[PDB]
Each structure stands twice: as C-alpha cells, then as structure tokens.
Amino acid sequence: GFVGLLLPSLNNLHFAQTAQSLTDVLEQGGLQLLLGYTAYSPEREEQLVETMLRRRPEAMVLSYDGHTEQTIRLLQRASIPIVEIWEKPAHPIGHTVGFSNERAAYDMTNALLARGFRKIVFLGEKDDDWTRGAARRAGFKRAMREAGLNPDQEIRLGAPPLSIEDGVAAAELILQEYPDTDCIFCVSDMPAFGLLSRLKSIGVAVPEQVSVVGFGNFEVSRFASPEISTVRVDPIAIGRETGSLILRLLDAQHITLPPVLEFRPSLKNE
C-alpha cells in the first residue's frame, strides 16, 4: 500500500531529494508515498495525521518541526513504524533519521570563533518555537555562552522558513543593531543569499567587512558570488536510510547523517 510523508514545505531542495530517494526505495517493497503538506502548522499536521492513519498506512514519516500533544498520542497509538526526519528531537516518537540541528549550529559557531571572528550575529526567525530553526539558534547561543560572548547577539524576523526576501530586510537591521559585525550566521542559505544581495547593493564588502554563513547547502549557496559558506547535509542519504529502515521493519533506531562544515569565499580567509 502506502507510507505517509508529512512536510512543512513544498519549496525545499532537501525535502524534494528526500522524497525522490524515499520513493525509489519504497517502490522496491511495493509501496507508494502519500504526502501531506503542513505549511508549518502543527494543527494541520495533526489533521493530516488523523486522515492518513484512518487509511492504515504501513508507516509514517514526518519531517520534524514540532508536534501537538495529540499528534504525538495518535502516532504512538498507531502500532506502525514512525520515523521523524531531518532533526533529532528531544523526545522521539519512534525512529529518527537525521542529525542534531543544535549540535550542527554549535559546531559551526565554534568553527567561526576558532577562525577569529569577533562579532558574530545570528539571523533567525520569529515565532519559531519547537522548530529546527529554534534548535539552530540554541546551538549558536550555547557556543557564544561557552565562549564568554553575547548570546543575545541575534536578529529575528519573519517566520519559518526565513526567505531570501527576509535576508534582504535583515541587512540594515543587523548593521543598525551591531554595527561592528564581522560575520553573520543565518538560519539557512535562503536569507544568507538575500543578505549577500543587499550588502553588495549598499556597498558593504563581503567578506572583507562582513562574512556570511548559511545552513543547508541549497543551490543558491553554490552559485552566488561569492559562494556562501554553509552546513552541508545529505538529503539523498536521509531518504535512502529512511526507506531502507522502513523496508527492514516491514520485511527504535536513531540513524545519524553527520553534517559537514563547508567553508567558501563568503567567509574571510577561505
């Protein structure tokens, strides 16, 4: 029959590649994917879960960005494999395939501190409770706190998922709040690209005055000028591991795909 997949975005390279590889693997066990689009609404996620569960999916896969209490209960009670992907939640319902978003941002922030950056500012989302962006902010804050530096050194705007346009809006805001910033670490590559576009427009040198770092290795990071330093992930592997896990189970596991820090010319001295 089918496996359900819930996603918060239909405009995301990672989820597209995850779905493609997951599709390919499941086709080998005779299964199709049925998708639900939540648009970041935990309430809509709940409604979609209830609807799908009624149709008796063989497994459920959810891209993690927080759940309602009732969603957790419905999934726990379903007696089928549950897989949460793209994050290691504090309290996994069943299996997970992904990595710690908190740890990834902590590691990147530490790499930037090690490279001698003196005034790093995090750019993230408003109204992002329980999402992957909130975990990234948390990892940044932990790194700054451990370094004796200022964890409040951050700007929040928009909503999940921060856009290129939001990055454009953030440029002046960051420079207003932290004029001496030498590095901006963004919640993903999308606002990083917008930030880069606006800094170039206003004549701020990147990276000579301000360095720019994103997250995700989305396409824009590789084709921007300069190319944007980022945290590289493996969406094909996430889809394949998730598919393989499901087929094994139907013939709790926590499977880690370690991110890679990708330093490119948008970071000074790289």
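In this text, residue numbers run from 1 along the sequence as written.
Novice: I need to verify one thing: averaged over C-alpha atoms only, is the B-factor higher for 143-151 or for 165-173?
Specialist: Stretch with the greater average CA B-factor: 143-151.
Novice: Compare the CA B factors listed in the entry for 102, 189, 84, 127 and report the winner.
Specialist: Out of 102, 189, 84, 127, the record gives the largest C-alpha B-factor to 127.
Novice: According to the Cα B-factor stored in this entry, which of the following is highest: 70, 230, 211, 63?
Specialist: Top of the list by C-alpha B-factor: 70.
Novice: By the record's CA B-factor, is residue 16 among the lowest, middle or highest third of residues in the chain?
Specialist: Ranked within chain, residue 16 CA B lands in the lowest tercile.
Novice: Grab the CA temperature factor for residue 178 from the record and place it in the lowest, middle or highest third of its chain.
Specialist: Tercile = middle for this residue's CA B-factor.
Novice: Which third of the chain holds residue 198 when residues are ordered by C-alpha B factor: lowest, middle or highest?
Specialist: Tercile = middle for this residue's CA B-factor.
Novice: Name the third of the chain's ranked CA B-factors that contains residue 217, choosing lowest, middle or highest.
Specialist: Its C-alpha B-factor, which the entry lists for residue 217, ranks in the lowest third among residues of this chain.
Novice: Considering every modelled residue of the chain and its Cα B-factor in the PDB entry, is residue 136 in the lowest, middle or highest third?
Specialist: Residue 136: CA B-factor falls in the lowest third of its chain.
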